[PDB]
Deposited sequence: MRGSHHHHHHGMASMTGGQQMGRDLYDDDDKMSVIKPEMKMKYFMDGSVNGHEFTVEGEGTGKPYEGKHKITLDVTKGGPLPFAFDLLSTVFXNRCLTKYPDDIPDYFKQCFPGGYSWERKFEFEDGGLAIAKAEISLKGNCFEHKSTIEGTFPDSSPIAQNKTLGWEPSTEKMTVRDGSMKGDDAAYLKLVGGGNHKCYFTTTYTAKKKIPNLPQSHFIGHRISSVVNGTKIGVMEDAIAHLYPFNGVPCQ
């Protein structure tokens, strides 16, 4: 935990394929790990402009960036020194499916985030048609299973016309060194936003762990 500081920097590299379209995205960011806030700037360097919704990738671009209250142990910040990895399965309501993997390491004051994602979607999918309008704020259920954290989120995309599109996130987050203070089950409230301008993309996330309303 001590190597996780109040202000940190981040670098990102992603390789992926969606419906056969290969792409590469890279960038950097800054954030406040203990406040649960960070911002990122990215560039699509291969396969741009992306022909599918960036919302599919935004949550792939680090649970160390979460505000944790004193009464809930912070598994993620305890992952350093050591590093950790995570894998998220995305199950969309129309049958769309994607799996993303990330490895997060630390050198100095910089988190190095390397990820990959593979996805397949029907042609009618609002992800395939690049027509989703962001994720609604969400609540991820956190549990512990064999020394790993498991996260379950019923995520929803906003659509043109006011409707929504469900995507289940099923994630396993795993330290590379045994975590000594495992938390009780809890929730993480999220609010992520992203903006795409051509091949330049911005992302920001606020995340707070809690046990509201019963604490």
Open item on the list: Please give the gaps, as residue ranges numbered from 1 in the deposited sequence, where no C-alpha is present.
Closed with: 1-31, 93, 248-252
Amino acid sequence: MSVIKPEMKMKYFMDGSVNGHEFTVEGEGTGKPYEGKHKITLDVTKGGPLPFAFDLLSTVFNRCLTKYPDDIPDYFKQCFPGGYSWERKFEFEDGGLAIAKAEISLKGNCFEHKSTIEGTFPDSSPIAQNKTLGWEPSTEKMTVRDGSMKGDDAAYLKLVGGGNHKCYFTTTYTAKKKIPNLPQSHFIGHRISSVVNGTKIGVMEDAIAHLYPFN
From here on, numbers count along this sequence of modelled residues.
Open item on the list: If you average the CA temperature factors as listed in the entry, which stretch comes out higher, 150-158 or 47-55?
Closed with: 47-55
Task: 135-143 versus 110-118 - which carries the larger mean C-alpha B factor in the record - done: 110-118
- [ ] Could you say whether, by C-alpha temperature factor, residue 14 belongs to the lowest, middle or highest third of its chain?
- [x] middle
Task: B-factor third for the C-alpha atom of residue 25 within its chain - done: highest
Open item on the list: Split into thirds by Cα B-factor across the chain's modelled residues, where does residue 190 land: lowest, middle or highest?
Closed with: lowest
Task: residue 177 - Cα temperature factor, lowest/middle/highest third of chain - done: highest
- [ ] Rank-wise, by C-alpha B-factor, drop residue 124 into the lowest, middle or highest third of its chain.
- [x] highest
